[PDB]
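Note sheet for the following structure.
Cβ atoms come from the backbone with ideal geometry, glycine included; neighbour counts cover every protein chain shown. Quick note: the coordinates plus some simple rules give every number you see, no bench work behind them.
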Amino acid sequence: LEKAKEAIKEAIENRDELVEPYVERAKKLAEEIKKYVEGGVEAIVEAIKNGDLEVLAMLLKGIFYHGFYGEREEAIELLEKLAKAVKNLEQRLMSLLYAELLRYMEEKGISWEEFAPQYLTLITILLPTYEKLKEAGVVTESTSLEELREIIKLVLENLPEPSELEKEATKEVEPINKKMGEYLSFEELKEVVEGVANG
């Protein structure tokens, strides 16, 4: 809190630099998830337990965009439970980010398409905020989840309007991301997150 004001401010000025990498990464994850969908629950759990960021990022989008089809409560529960289970700080924060997007929509009553352009706006500002605070030693592996959510809600509270590139990229990638969250049911996602925690 407060100690990240210049980190977010500089993050909003460079947010559009992360638009193209996000689009490329999302298109790659859309094909890689099919390999791990055929691999099964045990293949996803073992990969994440051994610190595979890519598989963990695949699972995050699988949980978040599965909530687009309904029952966003369960996606919030799984994203927060997975955040505590994993040890990496970057994906800990990404899991909390997707949970806060769904939590903010339910508490405010915002529909998915009304808030879709703000997904990439929060991602492209919060990610350089994390890197800046990590480069300054403000956040670390011992940083509690409660302080990570304070960073996310601080960016989401002072969230600027989406940029032209973000609105453009949102239309390009939303159909891709929604198909990514159609393979793994909430029951399978429950098994994966439970497998990461104690499997």
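Descriptive notes on the structure:
- Sole exception among (1) over 14 Å from the mean Cα position of the chain (by Cα); (2) in a helix (DSSP H, G or I) for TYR183, by number: (2)
- The set of residues from the stretch 35-53 being part of a helix (DSSP H, G or I), surrounded by fewer than 15 Cβ atoms within 10 Å (Cβ to Cβ) and either within 19 Å of the chain's Cα centre (by Cα) or acidic (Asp, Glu) (or both) comprises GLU38, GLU42, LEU53.
- Of the set (1) in contact with a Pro (Cβ under 8 Å, 6 or more places away or on another chain); (2) surrounded by fewer than 20 Cβ atoms within 10 Å (Cβ to Cβ), all apply to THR121 but (2).
- When the stretch 167-182 is limited to residues that are farther than 13 Å from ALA75 by Cβ, of a type outside the set (S, T, N, Q) and touching a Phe, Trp or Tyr at 6+ places or on another chain (Cβ under 9 Å), the one that is surrounded by the most Cβ atoms within 10 Å (Cβ to Cβ) turns out to be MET180.
- Here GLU166, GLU141 are screened, and the one residue that is of a type in the set (D, E, K, R), part of a helix (DSSP H, G or I) and touching a residue at least 40 places away in the same chain (Cβ under 8 Å) is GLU166.
- Any hit, the stretch 1-18, residues being of a type in the set (A, V, I, L, M), loosely packed, with under 12 Cβ neighbours inside 10 Å and in a loop (DSSP other than H, G, I, E, B): yes
- The stretch 135-166 - residue that is under 18 Å from the mean Cα position of the chain (by Cα), of a type in the set (D, E, K, R) and under 25 Å from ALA26 (Cβ atoms) and, of those, surrounded by the most Cβ atoms within 10 Å (Cβ to Cβ): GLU166
- As for the stretch 118-132, it holds no residue that is outside any helix (DSSP H, G or I) and touching a helix residue (DSSP H, G or I) at 6+ places or on another chain (Cβ under 8 Å).
- Yes/no for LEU122 being free of Cβ contacts under 8 Å to residues at least 60 places away in the same chain, among the hydrophobic types (A, V, I, L, M, F, W, C) and touching a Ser or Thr at 6+ places or on another chain (Cβ under 7 Å): no
- Scan the stretch 76-92 for residues that are surrounded by fewer than 24 Cβ atoms within 10 Å (Cβ to Cβ) and either aliphatic (A, V, I, L, M) or touching a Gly at 6+ places or on another chain (Cβ under 9 Å) (or both) and the total you get is 7.
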